[PDB]
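Report on one structure; see the data block that follows.
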Amino acid sequence: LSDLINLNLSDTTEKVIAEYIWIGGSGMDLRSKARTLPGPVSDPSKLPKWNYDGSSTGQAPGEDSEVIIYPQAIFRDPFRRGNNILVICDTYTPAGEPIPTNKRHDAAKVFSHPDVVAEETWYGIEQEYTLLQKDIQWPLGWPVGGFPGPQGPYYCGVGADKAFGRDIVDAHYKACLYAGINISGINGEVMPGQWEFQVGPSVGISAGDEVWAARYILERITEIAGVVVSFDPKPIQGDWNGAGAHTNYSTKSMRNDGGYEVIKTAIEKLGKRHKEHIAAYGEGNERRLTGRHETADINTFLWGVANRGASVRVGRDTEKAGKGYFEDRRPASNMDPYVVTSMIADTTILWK
Amino acid sequence: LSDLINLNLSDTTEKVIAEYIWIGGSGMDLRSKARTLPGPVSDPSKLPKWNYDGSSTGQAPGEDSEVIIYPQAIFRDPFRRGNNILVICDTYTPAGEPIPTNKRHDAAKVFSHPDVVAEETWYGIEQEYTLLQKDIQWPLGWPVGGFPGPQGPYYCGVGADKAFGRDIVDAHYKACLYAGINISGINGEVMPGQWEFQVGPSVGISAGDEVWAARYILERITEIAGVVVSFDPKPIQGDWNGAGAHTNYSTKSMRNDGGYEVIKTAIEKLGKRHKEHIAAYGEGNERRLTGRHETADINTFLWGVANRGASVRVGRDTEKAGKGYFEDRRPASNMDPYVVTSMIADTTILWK
Amino acid sequence: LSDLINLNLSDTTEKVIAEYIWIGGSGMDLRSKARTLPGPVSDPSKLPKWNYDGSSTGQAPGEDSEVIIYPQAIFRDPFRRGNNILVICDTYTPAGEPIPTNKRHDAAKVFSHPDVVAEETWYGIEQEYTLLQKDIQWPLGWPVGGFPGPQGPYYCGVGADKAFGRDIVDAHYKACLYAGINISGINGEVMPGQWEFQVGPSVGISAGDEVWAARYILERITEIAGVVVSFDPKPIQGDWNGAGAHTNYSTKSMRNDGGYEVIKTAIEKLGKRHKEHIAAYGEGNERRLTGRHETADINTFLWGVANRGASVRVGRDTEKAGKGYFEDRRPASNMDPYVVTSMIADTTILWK
Amino acid sequence: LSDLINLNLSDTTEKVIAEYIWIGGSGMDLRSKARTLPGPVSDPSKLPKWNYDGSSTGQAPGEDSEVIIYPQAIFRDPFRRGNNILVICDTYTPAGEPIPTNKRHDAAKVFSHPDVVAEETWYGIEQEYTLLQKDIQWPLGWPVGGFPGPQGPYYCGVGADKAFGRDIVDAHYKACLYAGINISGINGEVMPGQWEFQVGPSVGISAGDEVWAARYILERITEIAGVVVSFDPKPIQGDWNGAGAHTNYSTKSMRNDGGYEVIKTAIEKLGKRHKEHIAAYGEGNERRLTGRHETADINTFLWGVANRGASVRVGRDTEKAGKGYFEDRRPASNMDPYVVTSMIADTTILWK
Amino acid sequence: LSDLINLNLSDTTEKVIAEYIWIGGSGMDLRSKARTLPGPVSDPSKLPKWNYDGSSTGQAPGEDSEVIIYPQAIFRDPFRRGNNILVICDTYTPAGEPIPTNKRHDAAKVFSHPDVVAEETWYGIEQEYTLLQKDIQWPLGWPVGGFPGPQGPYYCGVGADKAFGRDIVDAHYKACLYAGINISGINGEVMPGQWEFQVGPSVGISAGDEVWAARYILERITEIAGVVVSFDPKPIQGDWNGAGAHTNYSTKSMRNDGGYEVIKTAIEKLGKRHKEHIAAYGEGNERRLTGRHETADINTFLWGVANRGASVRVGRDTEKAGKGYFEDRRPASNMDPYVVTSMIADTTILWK
């Protein structure tokens, strides 16, 4: 079936294949479908819109199930290659308003303000995932109906005993680099069969545009290998760690001289908003964040510099030179990056 | 056996391989066989006619079973590549008349009229299919003697849990783009293991040819993988949807200013012919069309703009701008594109 | 999943993938993780440092688990190709001191002296490994719950009966040559499924780098083949021989006329320090070194010219010409090249 | 192994093996082991007291892990047969006070009250369970990673595709009838692989004993079949009915003419105690009792004559004849029969 | 094969097969063969002697490999049944002196001392063993290259996933009860696949004999199941409890009223002999006895009333009533019962 999937269409025609991708009803799964266009295009403004049956996804009533999707971001296709592209789309109503599942409209509204634009907000998102076997929700390298050895050799270890699913991870890393996602590294986590990828400094809404892209690519890659991928914080319970997502924030004021006071003020503003942020960081965070294995408490807001378990973590270089980034470690691995980045920018700058 | 199937003959010889393809006795299955020609040919007029045994297919008596096949359409071969071609042929009688299974003669006669030629009728065909396991007529991704999970995630799903047979679909999409079929996109449908492909705006009789070509190509790609493909309107019964085929009609007068009145008149003329069209859209359509959750019914004719369950569906933008096209949703997935295109053209224009 | 792992990124971007590699808590296992850099880099001085969680490895307390890793050596990447690199790193403390597991600091301190720099010392390290089946601890090619034939045909055997896991060995040899490790040959040892590779003459701390590189590569290669690799001296007990590592030492004075007296003086200095060297060559080397068939013994120090069962072995051409190297055969196969090379250089030259 | 498990020791010796069974720390798991006795015995008061280690079960601290075992009931041994017996036992501290997980002490105190003794109380317990595959915890007859057909054919089914695990049910029914349990019927429930059994009319505390023996037998029989039994109320989520256990209750005053008034008064007495009863009758019952199909809800208490959603139901025959029992449908499959029976007796007979 | 193994020879002939069992060179393994005898016999002194090849076992030099076999105890054959018997034997040199591996001679001399004979010593033995898979030496019910769940559910478990290999335990229990062994209980230990059995109160040397016979039966039963028995103290390293045996000891003076003073004097006498006792009670016991969970240590001798970590424990009953036995928890599962019983008798009754 190869020699047909990997067939170069630029030798015989100029038509391109576009991949319209949107978010399903639950707010965590991705839906996509392809089309053909007369020629190459790289500006999202001049791409046609679509519609789809919202009843089949859970985002529209029965009588008028037409749901409109608008192209928003363009990346290079790492599966079809050539001149084909992936389109990260946003979903509206035929009247013209976003559906309640749509969250990029609010994010674009927040990031479009002159203040946030002048602040040059930069976000870096670290995301876990767990590779499970297909039919039984049992992670890779775990024997069927059997636990693996105790933790300790699975964190960045090399060998057939410790690295489970490294082919998928290397393929995902090269595919995300090829497509255009600003990926900044990979590593293996303490749980066996659990890995991590980081989307590096990316400005504004573009951040949320590409991390959502990476997930899509990752899932599709696993579809080739017959493996399930879970971003759920707690796929396995017991003495095994959870999966979470970390956010690195860097405004222009922080990177300049005297930015430590800016960081302190931003963290103080983030404080007293702990409950709303926790309630908007994604379902399942209750089980992941309980204090085990140096994890931040759900009901307490404390920030440190050297402690691994804290709400907000500030590095040594930032404490020394008084400038840099700061890291929030509360968001769960099944979050919505649009929401998290939006309200972080809201609390830091817009809020008074 | 590779390195021999994928062997380039253009480095050693000028001879080409042609694939004569025709429709079998049942009117739904395809038959084909290959031959060798001295050099490249691109015009269907200068291709030699061929013959076959009608008794082995079910289209001729015992005494004189020879059936003549006339080359009609030429496409590029996506399996042999090089300068080889696929020939979409038509079946006649040695005396000179079409056999009762032949339907392209009537369509060509209708489309050859000056009125239909001057009106630039364009058709678009949406075709459903289902991927079943080989020995047991049981769809892909369904456990043997076991139903899959409830519907809802399989419509455009991405993970390994949702997309079944995606490699065949991508191969078919690229192969049809390579050959020359004006394919316009693909997607996955609500039933697991069920997919869709659109043949885009194509003018006149060529439309029909293209559709059949695509089907042939799919029928071959599946047999590389070891999967059965069914266009039957209802392969699996219960709370599972059925495969279907949609048609999009657009004449020149509809495409111009004041075309909404033309669309209304055409739909009015299509009405009162409901029973004949229903009886001429494909066996098994009774089991698919049942009024399930506001969908088309066999015994009732309805048309609307947002109610997608009507017999005739007209888009919102087409109504508000007047110009555009319209869509008929009654034809079954085992139809004959010649017949439906001919009937639509005759009712809209030729009929008084 | 190929066509994505083996995807050339130099055709679309300038960014490189770097592989930071360090030594885990036990002093014998290797941990690694990757990142992306804006462009190509070849000097280790101008590479950024990292940090990692020492708690997950066993090299830091609970409260402040951050362990800093400094790039030290650069090699080409034999798995990613292109402009990607492997970085052999060294572990420190955020205060600035090496952790007790760090051994390259001492080695660099010893090799940075003017005396050792002026007197060029070259080291060659022979390393033996065993290939075992994955889930069981049973060596490759042995039957499950059964022993192979008696020894004698497995030393450099050619047929399918004697060469077990040769594909891994050939791949490792080619990959180590490609990356830049100064490899100098391979062979198969007397035990079936056991092999050996030589890292050739390389000067100073560089040796301790590239050996640790080769091991990493080897282990990663086994991940592709689903095989476990063991450098443990005695993976199998009975009448089956053990795995060891040998060190060829040659300073500048030994390479010149009258160097036999230098070799004799160096061996005299190395003697009477048997206990410390043995205790620093590994823990549990008594199992491999017993004295069977006149081999080396732990409690006794001996040196000869042809007695293979001696602590120090001197080749025939060396006393024939009075110049050359000498071979120490005490270190175990799970040694630390930093420590061994440091002790040999310190005893030979620095000590009085 | 067999012909030794089925070995008649009465031909050779007069000693008898006694099997002691107690309830573990979780309050719903059963532990048991074996003892050798000089001769046959039928009186539980003639059986010696005994002990076990509470640390290994979760019932005592490390300093005092000794937990004493008091024989309370005797049945026949169905697996060893002959003169060997099963003993149902109670758990006590070395000092003489029952441990917190002990619940038969309070029930025996309640059932020894002169009013309860003279009222001749009769219970019948309807207990449902689910059979699961050993490794993957997927119900019996369910394809791995799939679902069976919709509900409706499995209730009291007879075919090979409708009754899944009737061998285990037949073996358990015969074994409980041979041991001495009053088991009064079995059938297959609506879900595949789910069954129930009825422990018939047993007076007072004895009822709670028999059920705690019946469960034991079931478990061991599943151990012979390599299947896992589950008394969890809702093992599978979706449109699949759960497993809840009910209790029919009657008293001598209810067996007399005009007892419908007494049944009514007991019904109001059991009412307005819904909170404590639901709290003490099993956790995890919220998933089972939701309100679907007009059934019982946790937050609402309902009693009627024909409504199948009633928390407490009274049959037509009770109204007609004027006397009988009434059925409590509140508890789940994972109850403790002791607390249920004792609470019903308290809230009906003695508590004012 | 069967229906011939279970063949009754009493219907046809009067000859009886006698099975001779002895202890091999390693001091732990058992060897055995079969002999044909003219008729039934029940007295060990009426049985002929054997001789066997000590070279093939590891007990005699090549020039004199003849080792004489002395019958000592007689039990019934559980595998051949009928009138066939098992014989426990003693090993001797041709001249007449015992071989070094013989240990029953010294215990027989000790137990024939008039004071020991008059004291009528009573012993009980607690033997714990582990069942392993045949080829890979991984415990029963453990996934290959994996681990089961944490400890806690397996102690005296009943389910299919908690008790592993209970068929072997049942067969062994009934076979030992039919043979004539005083076996007084079985249960499942905390580790999966690990069990124990208690050899009950047997007077003097006879105790040890029975234990050996018991071991023999166990091994042969495992041979039927294709499983490997292991009496090694610590087969699996990690957070898994080992297999250590125990010995309860009583004397007529201890059973007499006011015997707690005698028990205390015996405990004091057994104290300060810890070095010799630990040396002679099994090697490889260092791994089992470390000090975890406040247990016994090799370098610490402790005796108490309730501390479960005591080397010699005394129950509450022997303090309340003042009469009873005491339990030595020092020896491992691979003891020789002869030497343990003999030294316990010596250091209490005759040694001053």
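Chains as they are written, first to last, in full-length UniProt numbering: chain E, 4 to 355; chain S, 4 to 355; chain C, 4 to 355; chain Y, 4 to 355; chain B, 4 to 355. We put the CB at the ideal spot given by N, CA and C, even for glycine.
In the assembly as shown, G211 of chain Y is a buried residue. Its beta-carbon has 16 or more other beta-carbons within 10 Å. In this structure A269 of chain C is not in contact with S336 of chain C, their Cβ atoms being roughly 24 Å apart against a cut-off of 8 Å. Secondary structure of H116 of chain Y (DSSP, three-state): coil.
Taking each of B:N259, B:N9, B:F114 in turn and checking the Cα distance to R84 of chain B, the smallest one comes out for B:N9. The beta carbon of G148 of chain E falls within 8 Å of a beta carbon belonging to chain Y, placing the residue at that interface. For the pair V202 of chain B and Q154 of chain B, the CB atoms are not nearer than the 8 Å cut-off. Put simply, the backbone Cα of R169 of chain Y is about 14 Å away from that of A178 of chain Y.
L33, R34, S35, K36, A37, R38, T39: these are the residues of the segment 24 to 45 of chain Y whose beta carbon lies less than 7 Å from some beta carbon of chain B, given in chain order. In the DSSP assignment, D260 of chain E falls outside any alpha helix (DSSP H) and carries neither an H nor an E.
In the structure shown, the three-state DSSP call for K106 of chain C is coil.
Interface flag for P151 of chain Y against chain S is set, since a Cβ pair is found closer than 8 Å.
The count of Cβ pairs closer than 8 Å, one atom from the segment 69 to 77 of chain B and one from the segment 85 to 93 of chain B, reaches three, so the stretches are in contact. Residue-level contact by beta carbon holds for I139 of chain C and chain B, with a gap shorter than 8 Å.
Taking 8 Å as the CB threshold, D67 of chain C lines the interface with chain E. The C-beta of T16 of chain C comes closer than 8 Å to at least one C-beta of chain E. Close CB contacts of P238 of chain C within its chain, under the 6 Å cut and outside five residues either way in sequence, are with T133 (chain order). Excluding five sequence positions before and after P97 of chain E, the CB atoms of its chain that fall closer than 7 Å to its own CB belong to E69, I71, given in chain order.
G148 of chain Y and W141 of chain E have their alpha carbons spaced roughly 12 Å apart. The continuous alpha helix (DSSP H) containing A283 of chain Y extends over residues 277 to 283. Contact fails between the segment 106 to 113 of chain B and the segment 103 to 115 of chain E, because fewer than three Cβ pairs, one in each stretch, are under 8 Å apart. Interface criterion not met: the Cβ of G183 of chain Y is under 8 Å from no Cβ in chain B. The beta carbon of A313 of chain B is closer than 8 Å to those of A299, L305, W306, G307, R332 in its chain, skipping five residues each way along the sequence.
When Cβ pairs closer than 8 Å are counted between the two stretches, the segment 183 to 202 of chain E is seen to touch the segment 212 to 219 of chain E, the count reaching three or more. Segment contact: the segment 271 to 282 of chain E against the segment 36 to 43 of chain C, fewer than three CB-CB distances shorter than 8 Å; contact not assigned. Residues of chain E with a Cβ closer than 7 Å to the Cβ of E213 of chain C do not exist; the shortest Cβ-Cβ separation is about 17 Å.
Contact annotation: the segment 253 to 264 of chain B touches the segment 120 to 130 of chain B, with at least three C-beta pairs closer than 8 Å. Separation of the CB atoms of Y328 of chain S and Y252 of chain S is rounded to 6 Å, and the pair is thereby assigned contact status at 8 Å.
Residues of chain Y with a Cβ closer than 9 Å to the Cβ of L180 of chain B are, in chain order, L10, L12, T15, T16, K18, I20, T39. Annotation for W215 of chain C: the continuous alpha helix (DSSP H) segment containing it runs 208 to 228.
Less than 8 Å separates the beta-carbon of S205 of chain E from that of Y126 of chain E. Contact check for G30 of chain S against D235 of chain S fails: the beta carbons are separated by 8 Å or more. For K36 of chain S, the enclosing beta strand (DSSP E) covers residues 33 to 40.
A direct Cα-Cα distance of roughly 34 Å separates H175 of chain E from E199 of chain C.
With contacts defined by Cβ atoms closer than 8 Å, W145 of chain Y and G196 of chain Y form a contacting pair. Within chain E, the residues placing a beta-carbon under 9 Å from that of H296 of chain S are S58, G65, ordered along the chain.
Around the Cβ of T303 of chain C, a 10 Å sphere holds fewer than 16 other Cβ atoms; the residue is exposed.
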